[PDB]
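As a starting point, one isolated chain is supplied in structure tokens, in the form deposited without the ligand.
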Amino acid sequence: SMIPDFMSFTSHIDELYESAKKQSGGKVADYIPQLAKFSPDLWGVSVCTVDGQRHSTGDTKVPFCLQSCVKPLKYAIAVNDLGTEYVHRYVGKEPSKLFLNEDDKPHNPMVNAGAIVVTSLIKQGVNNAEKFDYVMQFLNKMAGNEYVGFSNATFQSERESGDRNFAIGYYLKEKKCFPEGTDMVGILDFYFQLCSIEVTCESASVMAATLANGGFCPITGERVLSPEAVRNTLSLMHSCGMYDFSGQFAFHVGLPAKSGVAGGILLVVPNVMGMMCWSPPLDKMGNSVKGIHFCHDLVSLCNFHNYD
């Protein structure tokens, strides 16, 4: 452990939060109205160390949708229940516009085509209502029963306007990427629902902290995810987590992270802490402008980089 005094670390979290606050650039997502509603000035950072110690600053109790931040989490669930070898019969492990790599598999679980296929592996045979409860049970344990809600509003707007996800769905059905007997449209329904699950910075930072803690929820001690599943999820967050910025993020920050279109950035410092940054304004790559800035400052200050 490299935190010595947790109290003066939060003092530095605060100053970093404040530096990020001045970065007004970006553009709140507006392709469904449930994302355009949100205020550019919303900005919250929540820490949960592997100890269970906590600290928030700013808008950490306002709920927003995980969106793509749920991709690592359901990937972790699928590996937990099924193991590396099974899951990656169906999805790549590399960061390579296009839907399918050279082997007719989605490139990785962090791109839509990947997460769609990952969704079709969780808890098969059962209908969508118990599928969603099963994953929800899992998400709660990762957050130690803190806020995990649901936005029916974005679910309907994402289903009704996600023609690209439907194109993905049919293409994957064509090139035979699902387990046989998969209702593809039902799987998309599940996908949209998972994308519409809601968290706060405070509850998400606890989810990231169980990933930071080999699968053990730091505020309940409970074993949630297998060590295998956490190792996999972190590797792919390290390399595929930030859209087309995953490359420069691995180089300059080098921590497992996964951003979403609601402006969350699920950040993991392994064996140290979990975090969730949130500011709805996104840069041209699709990442929280305040989050990106903050993540740079955090590493250039406390030397948290993978190789420091």
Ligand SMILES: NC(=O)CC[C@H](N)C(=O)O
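Just count from 1 along the sequence shown to find any residue number.
Omitted from view is the form deposited with the ligand bound, to which the following refers.
Colleague: Between the options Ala143, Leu121, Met237, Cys195, which residue brings a heavy atom to within 4.5 Å of the ligand in the bound PDB entry?
Modeller: Result of the distance check: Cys195.
Colleague: Taking 4.5 Å between heavy atoms as the contact cutoff, choose which of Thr49, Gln67, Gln34, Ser56 touches the ligand in the bound PDB entry.
Modeller: In short, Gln67.
Colleague: Taking 4.5 angstroms as the heavy atom distance cut-off, pick the stretch from 256-264, 56-64, 270-278, 39-47 that is near the ligand in the bound PDB entry.
Modeller: Partner-contacting stretch among the options: 256-264.
Colleague: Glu158, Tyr191 and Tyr243: each with a heavy atom within 4.5 Å of the ligand in the bound PDB entry?
Modeller: Spot residues vs the ligand: full contact, yes.
Colleague: Does the 4.5 Å heavy atom contact test between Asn80 and the ligand in the bound PDB entry come out positive?
Modeller: No, no contact at 4.5 Å.
Colleague: Flag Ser151 as yes or no: does it have a non-hydrogen atom within 4.5 angstroms of any non-hydrogen atom of the ligand in the bound PDB entry?
Modeller: Judged by the heavy-atom cut-off of 4.5 Å, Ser151 is well away from the ligand in the bound PDB entry.
Colleague: Evaluate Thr182 for contact with the ligand in the bound PDB entry, applying a 4.5 angstroms cut-off between non-hydrogen atoms, and reply yes or no.
Modeller: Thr182: no contact with the ligand in the bound PDB entry.
Colleague: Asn112 near the ligand in the bound PDB entry, any heavy atom under 4.5 Å?
Modeller: The answer is yes: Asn112 has a heavy atom within 4.5 Å of the ligand.
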